[PDB]
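Coordinates from target.pdb are shown below (PDB, C-alpha atoms and all ligand atoms).
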```pdb
ATOM      1  CA  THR O   1     -36.601 -18.841  44.747  1.00  0.00           C
ATOM      2  CA  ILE O   2     -36.856 -21.946  42.497  1.00  0.00           C
ATOM      3  CA  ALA O   3     -38.275 -24.762  44.610  1.00  0.00           C
ATOM      4  CA  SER O   4     -40.753 -27.584  44.098  1.00  0.00           C
ATOM      5  CA  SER O   5     -42.352 -29.571  47.029  1.00  0.00           C
ATOM      6  CA  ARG O   6     -39.373 -32.054  46.958  1.00  0.00           C
ATOM      7  CA  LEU O   7     -36.298 -30.047  45.770  1.00  0.00           C
ATOM      8  CA  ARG O   8     -34.959 -26.501  45.964  1.00  0.00           C
ATOM      9  CA  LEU O   9     -32.315 -24.881  43.722  1.00  0.00           C
ATOM     10  CA  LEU O  10     -30.029 -22.971  46.139  1.00  0.00           C
ATOM     11  CA  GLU O  11     -27.488 -21.609  43.656  1.00  0.00           C
ATOM     12  CA  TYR O  12     -26.471 -21.734  39.997  1.00  0.00           C
ATOM     13  CA  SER O  13     -23.619 -20.053  38.102  1.00  0.00           C
ATOM     14  CA  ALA O  14     -21.867 -20.481  34.737  1.00  0.00           C
ATOM     15  CA  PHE O  15     -18.418 -18.908  34.540  1.00  0.00           C
ATOM     16  CA  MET O  16     -14.952 -18.776  32.949  1.00  0.00           C
ATOM     17  CA  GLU O  17     -11.797 -18.694  35.037  1.00  0.00           C
ATOM     18  CA  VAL O  18      -8.216 -17.807  33.963  1.00  0.00           C
ATOM     19  CA  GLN O  19      -4.839 -18.249  35.718  1.00  0.00           C
ATOM     20  CA  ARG O  20      -3.047 -14.852  35.336  1.00  0.00           C
ATOM     21  CA  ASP O  21       0.055 -16.288  37.246  1.00  0.00           C
ATOM     22  CA  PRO O  22       0.735 -19.247  39.728  1.00  0.00           C
ATOM     23  CA  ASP O  23      -0.960 -17.312  42.592  1.00  0.00           C
ATOM     24  CA  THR O  24      -3.536 -15.194  40.676  1.00  0.00           C
ATOM     25  CA  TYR O  25      -6.878 -16.262  39.170  1.00  0.00           C
ATOM     26  CA  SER O  26      -9.615 -14.209  37.509  1.00  0.00           C
ATOM     27  CA  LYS O  27     -13.254 -15.356  37.331  1.00  0.00           C
ATOM     28  CA  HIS O  28     -16.003 -13.996  35.089  1.00  0.00           C
ATOM     29  CA  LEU O  29     -19.647 -15.020  35.691  1.00  0.00           C
ATOM     30  CA  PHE O  30     -21.774 -15.363  32.554  1.00  0.00           C
ATOM     31  CA  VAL O  31     -25.004 -16.040  34.574  1.00  0.00           C
ATOM     32  CA  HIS O  32     -25.786 -16.460  38.308  1.00  0.00           C
ATOM     33  CA  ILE O  33     -28.721 -17.309  40.619  1.00  0.00           C
ATOM     34  CA  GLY O  34     -27.555 -16.847  44.207  1.00  0.00           C
ATOM     35  CA  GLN O  35     -29.037 -17.824  47.618  1.00  0.00           C
ATOM     36  CA  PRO O  36     -41.504 -14.383  47.209  1.00  0.00           C
ATOM     37  CA  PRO O  37     -44.297 -15.040  44.603  1.00  0.00           C
ATOM     38  CA  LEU O  38     -43.462 -15.689  40.976  1.00  0.00           C
ATOM     39  CA  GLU O  39     -45.210 -14.379  37.876  1.00  0.00           C
ATOM     40  CA  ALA O  40     -46.579 -17.094  35.580  1.00  0.00           C
ATOM     41  CA  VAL O  41     -45.843 -18.110  31.980  1.00  0.00           C
ATOM     42  CA  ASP O  42     -48.072 -20.595  30.092  1.00  0.00           C
ATOM     43  CA  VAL O  43     -45.924 -23.635  29.238  1.00  0.00           C
ATOM     44  CA  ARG O  44     -47.666 -23.946  25.816  1.00  0.00           C
ATOM     45  CA  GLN O  45     -45.921 -20.718  24.672  1.00  0.00           C
ATOM     46  CA  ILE O  46     -42.476 -22.376  24.944  1.00  0.00           C
ATOM     47  CA  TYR O  47     -43.311 -25.978  23.701  1.00  0.00           C
ATOM     48  CA  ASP O  48     -41.971 -25.276  20.142  1.00  0.00           C
ATOM     49  CA  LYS O  49     -38.599 -24.096  21.627  1.00  0.00           C
ATOM     50  CA  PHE O  50     -37.908 -27.415  23.476  1.00  0.00           C
ATOM     51  CA  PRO O  51     -37.676 -31.007  22.194  1.00  0.00           C
ATOM     52  CA  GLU O  52     -41.122 -32.563  22.090  1.00  0.00           C
ATOM     53  CA  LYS O  53     -42.391 -36.166  21.409  1.00  0.00           C
ATOM     54  CA  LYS O  54     -41.182 -38.867  23.938  1.00  0.00           C
ATOM     55  CA  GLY O  55     -39.628 -37.377  27.108  1.00  0.00           C
ATOM     56  CA  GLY O  56     -40.306 -33.857  25.812  1.00  0.00           C
ATOM     57  CA  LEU O  57     -41.402 -30.784  27.780  1.00  0.00           C
ATOM     58  CA  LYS O  58     -45.125 -31.413  27.023  1.00  0.00           C
ATOM     59  CA  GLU O  59     -44.989 -35.046  28.145  1.00  0.00           C
ATOM     60  CA  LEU O  60     -42.958 -33.976  31.238  1.00  0.00           C
ATOM     61  CA  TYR O  61     -45.523 -31.330  32.202  1.00  0.00           C
ATOM     62  CA  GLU O  62     -48.390 -33.829  31.664  1.00  0.00           C
ATOM     63  CA  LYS O  63     -46.604 -36.440  33.819  1.00  0.00           C
ATOM     64  CA  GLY O  64     -46.281 -33.810  36.603  1.00  0.00           C
ATOM     65  CA  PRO O  65     -46.122 -32.470  39.306  1.00  0.00           C
ATOM     66  CA  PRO O  66     -46.854 -28.918  38.073  1.00  0.00           C
ATOM     67  CA  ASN O  67     -45.135 -27.390  41.170  1.00  0.00           C
ATOM     68  CA  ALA O  68     -41.753 -28.481  39.732  1.00  0.00           C
ATOM     69  CA  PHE O  69     -41.835 -26.436  36.466  1.00  0.00           C
ATOM     70  CA  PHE O  70     -39.990 -23.077  36.246  1.00  0.00           C
ATOM     71  CA  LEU O  71     -38.717 -20.717  33.544  1.00  0.00           C
ATOM     72  CA  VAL O  72     -35.581 -18.583  33.979  1.00  0.00           C
ATOM     73  CA  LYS O  73     -34.894 -15.636  31.672  1.00  0.00           C
ATOM     74  CA  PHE O  74     -31.152 -14.899  31.702  1.00  0.00           C
ATOM     75  CA  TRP O  75     -29.334 -11.782  30.501  1.00  0.00           C
ATOM     76  CA  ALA O  76     -25.804 -13.250  30.232  1.00  0.00           C
ATOM     77  CA  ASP O  77     -22.732 -11.076  30.752  1.00  0.00           C
ATOM     78  CA  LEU O  78     -20.518 -11.805  27.709  1.00  0.00           C
ATOM     79  CA  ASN O  79     -18.261  -8.718  28.065  1.00  0.00           C
ATOM     80  CA  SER O  80     -14.535  -9.533  28.007  1.00  0.00           C
ATOM     81  CA  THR O  81     -13.803  -8.344  31.553  1.00  0.00           C
ATOM     82  CA  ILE O  82     -10.908 -10.831  32.040  1.00  0.00           C
ATOM     83  CA  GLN O  83      -8.069 -11.576  29.531  1.00  0.00           C
ATOM     84  CA  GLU O  84      -8.505 -15.201  28.300  1.00  0.00           C
ATOM     85  CA  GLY O  85      -6.234 -22.043  28.599  1.00  0.00           C
ATOM     86  CA  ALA O  86      -9.292 -20.672  30.449  1.00  0.00           C
ATOM     87  CA  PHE O  87     -11.697 -23.045  32.308  1.00  0.00           C
ATOM     88  CA  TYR O  88     -15.417 -22.864  31.447  1.00  0.00           C
ATOM     89  CA  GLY O  89     -17.669 -24.423  34.054  1.00  0.00           C
ATOM     90  CA  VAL O  90     -20.978 -24.560  35.882  1.00  0.00           C
ATOM     91  CA  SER O  91     -21.538 -24.804  39.662  1.00  0.00           C
ATOM     92  CA  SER O  92     -24.876 -25.400  41.379  1.00  0.00           C
ATOM     93  CA  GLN O  93     -26.329 -26.512  44.652  1.00  0.00           C
ATOM     94  CA  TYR O  94     -29.727 -28.046  45.561  1.00  0.00           C
ATOM     95  CA  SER O  95     -31.418 -29.060  48.817  1.00  0.00           C
ATOM     96  CA  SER O  96     -34.247 -31.299  50.072  1.00  0.00           C
ATOM     97  CA  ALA O  97     -35.907 -32.470  53.264  1.00  0.00           C
ATOM     98  CA  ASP O  98     -35.584 -36.137  52.082  1.00  0.00           C
ATOM     99  CA  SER O  99     -32.470 -38.223  51.447  1.00  0.00           C
ATOM    100  CA  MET O 100     -32.421 -39.342  47.811  1.00  0.00           C
ATOM    101  CA  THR O 101     -29.995 -39.811  44.887  1.00  0.00           C
ATOM    102  CA  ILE O 102     -30.768 -37.290  42.133  1.00  0.00           C
ATOM    103  CA  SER O 103     -30.017 -37.257  38.417  1.00  0.00           C
ATOM    104  CA  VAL O 104     -29.491 -33.828  36.827  1.00  0.00           C
ATOM    105  CA  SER O 105     -30.037 -33.926  33.050  1.00  0.00           C
ATOM    106  CA  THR O 106     -29.143 -30.779  31.041  1.00  0.00           C
ATOM    107  CA  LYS O 107     -30.393 -30.693  27.408  1.00  0.00           C
ATOM    108  CA  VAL O 108     -28.964 -27.977  25.205  1.00  0.00           C
ATOM    109  CA  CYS O 109     -31.374 -27.211  22.321  1.00  0.00           C
ATOM    110  CA  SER O 110     -30.971 -25.393  19.056  1.00  0.00           C
ATOM    111  CA  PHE O 111     -34.150 -24.747  16.964  1.00  0.00           C
ATOM    112  CA  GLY O 112     -36.129 -27.048  19.304  1.00  0.00           C
ATOM    113  CA  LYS O 113     -33.845 -30.060  18.689  1.00  0.00           C
ATOM    114  CA  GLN O 114     -31.500 -31.514  21.315  1.00  0.00           C
ATOM    115  CA  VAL O 115     -27.817 -31.131  20.346  1.00  0.00           C
ATOM    116  CA  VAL O 116     -26.049 -31.936  23.639  1.00  0.00           C
ATOM    117  CA  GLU O 117     -27.175 -33.742  26.804  1.00  0.00           C
ATOM    118  CA  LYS O 118     -25.193 -33.971  30.032  1.00  0.00           C
ATOM    119  CA  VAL O 119     -26.320 -36.301  32.824  1.00  0.00           C
ATOM    120  CA  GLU O 120     -24.819 -36.118  36.345  1.00  0.00           C
ATOM    121  CA  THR O 121     -25.783 -38.235  39.347  1.00  0.00           C
ATOM    122  CA  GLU O 122     -25.631 -36.542  42.741  1.00  0.00           C
ATOM    123  CA  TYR O 123     -25.697 -38.053  46.216  1.00  0.00           C
ATOM    124  CA  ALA O 124     -27.369 -36.430  49.280  1.00  0.00           C
ATOM    125  CA  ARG O 125     -25.126 -34.974  52.005  1.00  0.00           C
ATOM    126  CA  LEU O 126     -26.733 -34.480  55.437  1.00  0.00           C
ATOM    127  CA  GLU O 127     -26.082 -30.869  56.391  1.00  0.00           C
ATOM    128  CA  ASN O 128     -27.841 -28.779  59.105  1.00  0.00           C
ATOM    129  CA  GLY O 129     -30.963 -30.991  59.244  1.00  0.00           C
ATOM    130  CA  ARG O 130     -31.448 -30.983  55.462  1.00  0.00           C
ATOM    131  CA  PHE O 131     -29.949 -32.835  52.480  1.00  0.00           C
ATOM    132  CA  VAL O 132     -27.596 -30.904  50.170  1.00  0.00           C
ATOM    133  CA  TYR O 133     -26.489 -31.712  46.561  1.00  0.00           C
ATOM    134  CA  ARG O 134     -23.417 -29.923  45.120  1.00  0.00           C
ATOM    135  CA  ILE O 135     -22.100 -29.993  41.567  1.00  0.00           C
ATOM    136  CA  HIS O 136     -18.839 -28.085  41.745  1.00  0.00           C
ATOM    137  CA  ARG O 137     -16.938 -26.763  38.710  1.00  0.00           C
ATOM    138  CA  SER O 138     -18.717 -29.042  36.234  1.00  0.00           C
ATOM    139  CA  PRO O 139     -16.812 -28.409  32.935  1.00  0.00           C
ATOM    140  CA  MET O 140     -18.706 -27.000  29.939  1.00  0.00           C
ATOM    141  CA  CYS O 141     -18.689 -29.119  26.778  1.00  0.00           C
ATOM    142  CA  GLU O 142     -16.809 -27.836  23.719  1.00  0.00           C
ATOM    143  CA  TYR O 143     -20.168 -27.123  22.017  1.00  0.00           C
ATOM    144  CA  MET O 144     -20.971 -24.439  24.624  1.00  0.00           C
ATOM    145  CA  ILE O 145     -17.486 -22.898  24.761  1.00  0.00           C
ATOM    146  CA  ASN O 146     -17.447 -22.621  20.961  1.00  0.00           C
ATOM    147  CA  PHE O 147     -21.008 -21.129  21.023  1.00  0.00           C
ATOM    148  CA  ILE O 148     -19.919 -18.398  23.561  1.00  0.00           C
ATOM    149  CA  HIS O 149     -16.841 -17.630  21.407  1.00  0.00           C
ATOM    150  CA  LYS O 150     -19.003 -17.316  18.282  1.00  0.00           C
ATOM    151  CA  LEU O 151     -21.515 -14.992  20.002  1.00  0.00           C
ATOM    152  CA  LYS O 152     -18.614 -12.909  21.469  1.00  0.00           C
ATOM    153  CA  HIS O 153     -17.380 -12.370  17.828  1.00  0.00           C
ATOM    154  CA  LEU O 154     -20.677 -10.804  16.618  1.00  0.00           C
ATOM    155  CA  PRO O 155     -20.221  -7.019  16.333  1.00  0.00           C
ATOM    156  CA  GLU O 156     -23.682  -6.177  17.752  1.00  0.00           C
ATOM    157  CA  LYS O 157     -25.572  -7.295  20.883  1.00  0.00           C
ATOM    158  CA  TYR O 158     -28.869  -7.427  18.932  1.00  0.00           C
ATOM    159  CA  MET O 159     -27.200 -10.000  16.589  1.00  0.00           C
ATOM    160  CA  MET O 160     -26.316 -12.164  19.629  1.00  0.00           C
ATOM    161  CA  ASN O 161     -29.939 -11.893  20.830  1.00  0.00           C
ATOM    162  CA  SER O 162     -31.187 -12.971  17.393  1.00  0.00           C
ATOM    163  CA  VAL O 163     -29.040 -16.152  17.524  1.00  0.00           C
ATOM    164  CA  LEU O 164     -30.073 -16.768  21.157  1.00  0.00           C
ATOM    165  CA  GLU O 165     -33.756 -16.609  20.216  1.00  0.00           C
ATOM    166  CA  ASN O 166     -33.316 -20.240  18.973  1.00  0.00           C
ATOM    167  CA  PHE O 167     -31.118 -21.474  21.850  1.00  0.00           C
ATOM    168  CA  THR O 168     -32.582 -22.947  25.043  1.00  0.00           C
ATOM    169  CA  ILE O 169     -31.463 -25.220  27.911  1.00  0.00           C
ATOM    170  CA  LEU O 170     -33.831 -27.623  29.682  1.00  0.00           C
ATOM    171  CA  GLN O 171     -32.717 -28.886  33.082  1.00  0.00           C
ATOM    172  CA  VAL O 172     -34.636 -31.882  34.445  1.00  0.00           C
ATOM    173  CA  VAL O 173     -33.817 -33.156  37.943  1.00  0.00           C
ATOM    174  CA  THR O 174     -35.325 -36.581  38.731  1.00  0.00           C
ATOM    175  CA  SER O 175     -35.130 -38.983  41.649  1.00  0.00           C
ATOM    176  CA  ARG O 176     -32.628 -41.649  40.335  1.00  0.00           C
ATOM    177  CA  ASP O 177     -34.471 -44.673  41.797  1.00  0.00           C
ATOM    178  CA  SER O 178     -38.203 -43.786  41.299  1.00  0.00           C
ATOM    179  CA  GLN O 179     -37.569 -41.586  38.196  1.00  0.00           C
ATOM    180  CA  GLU O 180     -40.037 -39.003  39.639  1.00  0.00           C
ATOM    181  CA  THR O 181     -39.626 -35.409  38.419  1.00  0.00           C
ATOM    182  CA  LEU O 182     -38.225 -33.191  41.195  1.00  0.00           C
ATOM    183  CA  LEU O 183     -37.463 -29.925  39.359  1.00  0.00           C
ATOM    184  CA  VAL O 184     -37.658 -28.729  35.722  1.00  0.00           C
ATOM    185  CA  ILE O 185     -36.110 -25.394  34.745  1.00  0.00           C
ATOM    186  CA  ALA O 186     -36.298 -24.015  31.200  1.00  0.00           C
ATOM    187  CA  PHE O 187     -33.544 -21.448  30.483  1.00  0.00           C
ATOM    188  CA  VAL O 188     -33.893 -18.748  27.837  1.00  0.00           C
ATOM    189  CA  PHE O 189     -31.127 -16.213  27.051  1.00  0.00           C
ATOM    190  CA  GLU O 190     -30.315 -12.660  26.027  1.00  0.00           C
ATOM    191  CA  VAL O 191     -27.098 -10.646  26.356  1.00  0.00           C
ATOM    192  CA  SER O 192     -26.720  -8.195  29.260  1.00  0.00           C
ATOM    193  CA  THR O 193     -26.538  -4.491  28.333  1.00  0.00           C
ATOM    194  CA  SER O 194     -26.326  -2.790  31.798  1.00  0.00           C
ATOM    195  CA  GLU O 195     -23.325  -1.856  33.993  1.00  0.00           C
ATOM    196  CA  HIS O 196     -24.985  -4.081  36.709  1.00  0.00           C
ATOM    197  CA  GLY O 197     -23.945  -7.136  34.619  1.00  0.00           C
ATOM    198  CA  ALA O 198     -25.785 -10.426  34.358  1.00  0.00           C
ATOM    199  CA  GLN O 199     -29.475 -10.406  35.280  1.00  0.00           C
ATOM    200  CA  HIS O 200     -32.214 -13.016  35.716  1.00  0.00           C
ATOM    201  CA  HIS O 201     -36.022 -13.199  36.071  1.00  0.00           C
ATOM    202  CA  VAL O 202     -37.710 -16.369  37.431  1.00  0.00           C
ATOM    203  CA  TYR O 203     -41.274 -17.465  36.404  1.00  0.00           C
ATOM    204  CA  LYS O 204     -43.568 -20.346  37.308  1.00  0.00           C
ATOM    205  CA  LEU O 205     -44.648 -22.429  34.248  1.00  0.00           C
ATOM    206  CA  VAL O 206     -48.463 -22.939  34.329  1.00  0.00           C
ATOM    207  CA  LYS O 207     -51.191 -24.442  32.038  1.00  0.00           C
ATOM    208  CA  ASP O 208     -54.338 -22.110  31.959  1.00  0.00           C
TER     209      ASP O 208
HETATM  210  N1  LIG S 301     -24.094 -21.347  12.730  1.00  0.00           N
HETATM  211  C1  LIG S 301     -24.685 -20.052  13.137  1.00  0.00           C
HETATM  212  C2  LIG S 301     -25.166 -20.071  14.623  1.00  0.00           C
HETATM  213  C3  LIG S 301     -24.435 -18.929  15.344  1.00  0.00           C
HETATM  214  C4  LIG S 301     -24.318 -17.670  14.755  1.00  0.00           C
HETATM  215  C5  LIG S 301     -23.635 -16.659  15.429  1.00  0.00           C
HETATM  216  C6  LIG S 301     -23.072 -16.896  16.688  1.00  0.00           C
HETATM  217  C7  LIG S 301     -23.188 -18.153  17.279  1.00  0.00           C
HETATM  218  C8  LIG S 301     -23.845 -19.167  16.593  1.00  0.00           C
HETATM  219  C9  LIG S 301     -26.730 -19.962  14.658  1.00  0.00           C
HETATM  220  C10 LIG S 301     -27.027 -20.808  15.883  1.00  0.00           C
HETATM  221  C11 LIG S 301     -28.176 -20.917  16.668  1.00  0.00           C
HETATM  222  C12 LIG S 301     -28.122 -21.794  17.758  1.00  0.00           C
HETATM  223 CL1  LIG S 301     -29.528 -21.961  18.777  1.00  0.00          CL
HETATM  224  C13 LIG S 301     -26.960 -22.524  18.052  1.00  0.00           C
HETATM  225  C14 LIG S 301     -25.816 -22.405  17.252  1.00  0.00           C
HETATM  226  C15 LIG S 301     -25.881 -21.552  16.147  1.00  0.00           C
HETATM  227  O1  LIG S 301     -24.821 -21.335  15.271  1.00  0.00           O
HETATM  228  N1  LIG S 302     -35.625 -12.693  22.960  1.00  0.00           N
HETATM  229  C1  LIG S 302     -36.491 -12.726  24.154  1.00  0.00           C
HETATM  230  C2  LIG S 302     -36.214 -13.940  25.065  1.00  0.00           C
HETATM  231  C3  LIG S 302     -35.502 -13.444  26.342  1.00  0.00           C
HETATM  232  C4  LIG S 302     -35.656 -12.139  26.818  1.00  0.00           C
HETATM  233  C5  LIG S 302     -34.940 -11.694  27.928  1.00  0.00           C
HETATM  234  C6  LIG S 302     -34.079 -12.546  28.597  1.00  0.00           C
HETATM  235  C7  LIG S 302     -33.908 -13.843  28.127  1.00  0.00           C
HETATM  236  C8  LIG S 302     -34.585 -14.275  26.995  1.00  0.00           C
HETATM  237  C9  LIG S 302     -37.577 -14.637  25.330  1.00  0.00           C
HETATM  238  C10 LIG S 302     -37.280 -16.018  24.794  1.00  0.00           C
HETATM  239  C11 LIG S 302     -38.061 -17.172  24.816  1.00  0.00           C
HETATM  240  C12 LIG S 302     -37.499 -18.326  24.255  1.00  0.00           C
HETATM  241 CL1  LIG S 302     -38.465 -19.791  24.255  1.00  0.00          CL
HETATM  242  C13 LIG S 302     -36.185 -18.350  23.754  1.00  0.00           C
HETATM  243  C14 LIG S 302     -35.416 -17.187  23.756  1.00  0.00           C
HETATM  244  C15 LIG S 302     -35.988 -16.028  24.280  1.00  0.00           C
HETATM  245  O1  LIG S 302     -35.309 -14.829  24.344  1.00  0.00           O
HETATM  246  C1  LIG S 303     -23.024 -28.086  29.211  1.00  0.00           C
HETATM  247  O1  LIG S 303     -22.119 -27.650  28.490  1.00  0.00           O
HETATM  248  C2  LIG S 303     -24.135 -27.173  29.684  1.00  0.00           C
HETATM  249  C3  LIG S 303     -23.554 -25.759  29.876  1.00  0.00           C
HETATM  250  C4  LIG S 303     -24.640 -24.763  30.304  1.00  0.00           C
HETATM  251  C5  LIG S 303     -24.019 -23.364  30.164  1.00  0.00           C
HETATM  252  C6  LIG S 303     -25.028 -22.320  30.642  1.00  0.00           C
HETATM  253  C7  LIG S 303     -24.936 -21.130  29.680  1.00  0.00           C
HETATM  254  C8  LIG S 303     -24.766 -19.843  30.502  1.00  0.00           C
HETATM  255  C9  LIG S 303     -23.464 -19.175  30.037  1.00  0.00           C
HETATM  256  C10 LIG S 303     -23.777 -17.944  29.158  1.00  0.00           C
HETATM  257  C11 LIG S 303     -24.273 -18.385  27.765  1.00  0.00           C
HETATM  258  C12 LIG S 303     -25.428 -17.473  27.286  1.00  0.00           C
HETATM  259  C13 LIG S 303     -25.498 -17.508  25.747  1.00  0.00           C
HETATM  260  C14 LIG S 303     -25.182 -18.941  25.263  1.00  0.00           C
END
```

Whole structure, structure tokens version:
Amino acid sequence: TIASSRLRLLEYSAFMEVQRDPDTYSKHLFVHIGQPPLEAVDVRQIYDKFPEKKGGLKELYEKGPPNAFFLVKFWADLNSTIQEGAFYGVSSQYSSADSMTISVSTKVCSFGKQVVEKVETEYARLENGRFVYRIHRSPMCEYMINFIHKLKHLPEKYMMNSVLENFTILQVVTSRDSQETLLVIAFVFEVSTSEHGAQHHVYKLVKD
């Protein structure tokens, strides 16, 4: 469970979907976090992998609160399980006890430098006593689709992991009005090698 004192990540999944005929659709999940204590990772170990200087991970952690910082290790399923005009997208859902407008910023980094940034504003929906935020079928940018295609063309999974050693995604969720940090999730990737498919391990980012 990825949750700070103000916001909780309920679900997250990146996928590709194909239309096999007018009434048939296939969907392949690359990564997924669906709906206990976490092991810790020192945030200083990953500083070099994210953009630093103004608005960087170090400045974000220093600004606080520390309870909002998480690291997700993903083992993405890049096996061609469906035959590919496919749609590549991301779906996620968050929740809070307070009604607020959020801003979800996703920074894609390559060698610690930001190459793509997507910003989406989400409005609170009152649902079962709590406030829910849904980003449904958010399309992937061409940079990411072309990156997945290029990894899928490497003949070995250890080659894909070598490339992915320099690829990270930083997700920062802030309160739109106050600009307060609600949730920060650093994503690191490897390619899945088990018949169980895509895997994930969540950690809490700490300092000492
Ligand atoms: N141009 C070669 C490289 C690459 C190689 C094989 C498969 C996919 C991509 C190396 C690389 C690292 C990152 Cl982090 C992002 C993009 C990227 O492009
Ligand atoms: N290659 C190992 C690692 C990893 C292992 C298992 C699952 C996901 C990712 C650890 C790691 C840290 C960073 Cl900053 C960037 C990439 C990265 O890849
Ligand atoms: C905007 O394009 C952000 C898209 C974030 C995609 C999440 C990546 C998870 C899909 C598997 C890729 C793993 C190796 C790149």

Name the residues that the PyMOL selection byres (((not hetatm)) within 10 of (chain S and resi 302)) picks from the file above, as a short mmCIF file (atom, residue, chain, number, x, y, z; two decimals) with C-alpha atoms, in the coordinates of the input, using the file's chain letters and numbers.
```
data_model
loop_
_atom_site.label_atom_id
_atom_site.label_comp_id
_atom_site.auth_asym_id
_atom_site.auth_seq_id
_atom_site.Cartn_x
_atom_site.Cartn_y
_atom_site.Cartn_z
CA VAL O 43 -45.92 -23.64 29.24
CA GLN O 45 -45.92 -20.72 24.67
CA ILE O 46 -42.48 -22.38 24.94
CA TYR O 47 -43.31 -25.98 23.70
CA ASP O 48 -41.97 -25.28 20.14
CA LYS O 49 -38.60 -24.10 21.63
CA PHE O 50 -37.91 -27.42 23.48
CA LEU O 71 -38.72 -20.72 33.54
CA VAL O 72 -35.58 -18.58 33.98
CA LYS O 73 -34.89 -15.64 31.67
CA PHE O 74 -31.15 -14.90 31.70
CA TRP O 75 -29.33 -11.78 30.50
CA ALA O 76 -25.80 -13.25 30.23
CA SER O 110 -30.97 -25.39 19.06
CA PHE O 111 -34.15 -24.75 16.96
CA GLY O 112 -36.13 -27.05 19.30
CA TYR O 158 -28.87 -7.43 18.93
CA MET O 160 -26.32 -12.16 19.63
CA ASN O 161 -29.94 -11.89 20.83
CA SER O 162 -31.19 -12.97 17.39
CA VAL O 163 -29.04 -16.15 17.52
CA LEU O 164 -30.07 -16.77 21.16
CA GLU O 165 -33.76 -16.61 20.22
CA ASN O 166 -33.32 -20.24 18.97
CA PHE O 167 -31.12 -21.47 21.85
CA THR O 168 -32.58 -22.95 25.04
CA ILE O 169 -31.46 -25.22 27.91
CA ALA O 186 -36.30 -24.02 31.20
CA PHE O 187 -33.54 -21.45 30.48
CA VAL O 188 -33.89 -18.75 27.84
CA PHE O 189 -31.13 -16.21 27.05
CA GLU O 190 -30.32 -12.66 26.03
CA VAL O 191 -27.10 -10.65 26.36
CA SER O 192 -26.72 -8.20 29.26
CA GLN O 199 -29.48 -10.41 35.28
CA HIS O 200 -32.21 -13.02 35.72
CA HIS O 201 -36.02 -13.20 36.07
#
```

- request: Can you give me, as JSON, numbers by chain, the residues this file yields under the PyMOL selection byres (((chain O and resi 148-151) around 10) and not hetatm)?
  value: {"O": [30, 78, 142, 143, 144, 145, 146, 147, 152, 153, 154, 155, 156, 157, 159, 160, 161, 163, 164, 191]}

Keeping C-alpha atoms for every residue in the selection just given, could you write it to a file as a PDB file, in the frame of the given file?
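Produced file again_36.pdb, reproduced below:
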```pdb
ATOM      1  CA  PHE O  30     -21.774 -15.363  32.554  1.00  0.00           C
ATOM      2  CA  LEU O  78     -20.518 -11.805  27.709  1.00  0.00           C
ATOM      3  CA  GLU O 142     -16.809 -27.836  23.719  1.00  0.00           C
ATOM      4  CA  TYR O 143     -20.168 -27.123  22.017  1.00  0.00           C
ATOM      5  CA  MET O 144     -20.971 -24.439  24.624  1.00  0.00           C
ATOM      6  CA  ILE O 145     -17.486 -22.898  24.761  1.00  0.00           C
ATOM      7  CA  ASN O 146     -17.447 -22.621  20.961  1.00  0.00           C
ATOM      8  CA  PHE O 147     -21.008 -21.129  21.023  1.00  0.00           C
ATOM      9  CA  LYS O 152     -18.614 -12.909  21.469  1.00  0.00           C
ATOM     10  CA  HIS O 153     -17.380 -12.370  17.828  1.00  0.00           C
ATOM     11  CA  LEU O 154     -20.677 -10.804  16.618  1.00  0.00           C
ATOM     12  CA  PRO O 155     -20.221  -7.019  16.333  1.00  0.00           C
ATOM     13  CA  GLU O 156     -23.682  -6.177  17.752  1.00  0.00           C
ATOM     14  CA  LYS O 157     -25.572  -7.295  20.883  1.00  0.00           C
ATOM     15  CA  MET O 159     -27.200 -10.000  16.589  1.00  0.00           C
ATOM     16  CA  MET O 160     -26.316 -12.164  19.629  1.00  0.00           C
ATOM     17  CA  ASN O 161     -29.939 -11.893  20.830  1.00  0.00           C
ATOM     18  CA  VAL O 163     -29.040 -16.152  17.524  1.00  0.00           C
ATOM     19  CA  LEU O 164     -30.073 -16.768  21.157  1.00  0.00           C
ATOM     20  CA  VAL O 191     -27.098 -10.646  26.356  1.00  0.00           C
TER      21      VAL O 191
END
```

Run the PyMOL selection byres (((chain O and resi 120) around 8) and not hetatm) mentally over the shown coordinates, then write out the matched residues as a PDB file with C-alpha atoms, keeping the file's coordinate frame, using the chain letters and numbers from the document.
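Saved to out.pdb:
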```pdb
ATOM      1  CA  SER O 103     -30.017 -37.257  38.417  1.00  0.00           C
ATOM      2  CA  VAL O 104     -29.491 -33.828  36.827  1.00  0.00           C
ATOM      3  CA  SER O 105     -30.037 -33.926  33.050  1.00  0.00           C
ATOM      4  CA  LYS O 118     -25.193 -33.971  30.032  1.00  0.00           C
ATOM      5  CA  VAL O 119     -26.320 -36.301  32.824  1.00  0.00           C
ATOM      6  CA  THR O 121     -25.783 -38.235  39.347  1.00  0.00           C
ATOM      7  CA  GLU O 122     -25.631 -36.542  42.741  1.00  0.00           C
TER       8      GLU O 122
END
```

- request: Tell me, in Å to one decimal, how far atom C8 of ligand LIG 301 (chain S) is from atom CA of residue 17 of chain O.
  value: 22.0 Å

- request: May I have the residues within 9 Å of residue 9 of chain O as a ChimeraX atom specification, using all atoms listed in the file and disregarding those fewer than 6 positions away in the same chain?
  value: /O:1-3,33,35,92-95,183

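For the choices O:79, O:130, O:135, O:44, the atom-to-atom distance to residue 194 of chain O is smallest for O:79 when using only C-alpha atoms.
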